[PDB]
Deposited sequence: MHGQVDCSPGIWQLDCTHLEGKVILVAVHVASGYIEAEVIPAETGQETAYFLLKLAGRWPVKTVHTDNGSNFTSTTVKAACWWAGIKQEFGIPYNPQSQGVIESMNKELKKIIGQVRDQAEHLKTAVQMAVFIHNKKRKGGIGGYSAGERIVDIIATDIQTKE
């Protein structure tokens, strides 16, 4: 599985929108509570993402997510492509969010606690998702 491929989707919890990106080769996740499920929020998220990792291509389970001109501007500027092709982490992440929920007042706080727990967790014997991404990407530099 290519190191430049990410999957991005939105889920819903407590009336709010959680934008979830998955680095597919590693299982590493970034997520953000966004105020509305719009092109503008997706575009802005993609710019942030791309400044941090070598994002080559992005898949989603809702292709209409990427039709806004604002999103196409962000993938043009950052050099990203979309892919259909001519886990789901959503359940897992929600499970983690439910386990930490009482530890926080705001959903957005519980989401970041859950991302932290997921990325640091030993899938071992065996690295964490956060170790794997960095090693997948370092190796692909070298």
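Report task. Just jot down which stretches of the deposited chain sequence have no CA coordinates, in the order they come. Result -> Gaps vs deposited seq, in order: 1 to 6, 93 to 102, 142 to 143, 161 to 163.
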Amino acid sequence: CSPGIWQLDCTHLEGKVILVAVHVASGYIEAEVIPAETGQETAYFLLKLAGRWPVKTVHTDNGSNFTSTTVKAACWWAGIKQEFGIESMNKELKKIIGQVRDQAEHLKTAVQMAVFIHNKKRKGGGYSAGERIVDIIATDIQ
From here on, numbers count along this sequence of modelled residues.
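Definition used throughout: the rigid core is the maximal C-alpha set that superposes within 1.5 Å between two forms.
Query raised in the report: Quick one: with the core lined up, is it 77 to 85 or 26 to 34 that wanders further in 4 other deposited structures of this protein, going by C-alpha RMS?
Result: Larger mean C-alpha displacement, comparing 77 to 85 and 26 to 34 in 4 other deposited structures of this protein, is found in 77 to 85.
Query raised in the report: If you line up the core and then measure how far each C-alpha sits from this form in 4 other deposited structures of this protein, which stretch comes out higher, 88 to 96 or 64 to 72?
Result: When 88 to 96 and 64 to 72 are compared in 4 other deposited structures of this protein, the bigger C-alpha shift is seen for 88 to 96.
Query raised in the report: Other compared entries: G130 unbuilt in at least a third?
Result: Per the records, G130 is modelled in all the other entries.
Query raised in the report: Comparing 43 to 51 with 95 to 103, where is the mean C-alpha B-factor higher?
Result: So the stretch with the higher mean C-alpha B-factor is 95 to 103.
Query - Selected stretch [higher average CA B-factor]: 27 to 35 or 77 to 85 - result: Taking the mean B-factor of the alpha carbons in each, 77 to 85 is higher.
**Report entry** Member of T57, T69, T109, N65 with the greatest C-alpha B factor (per the PDB record)
**Finding:** The record points to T69.
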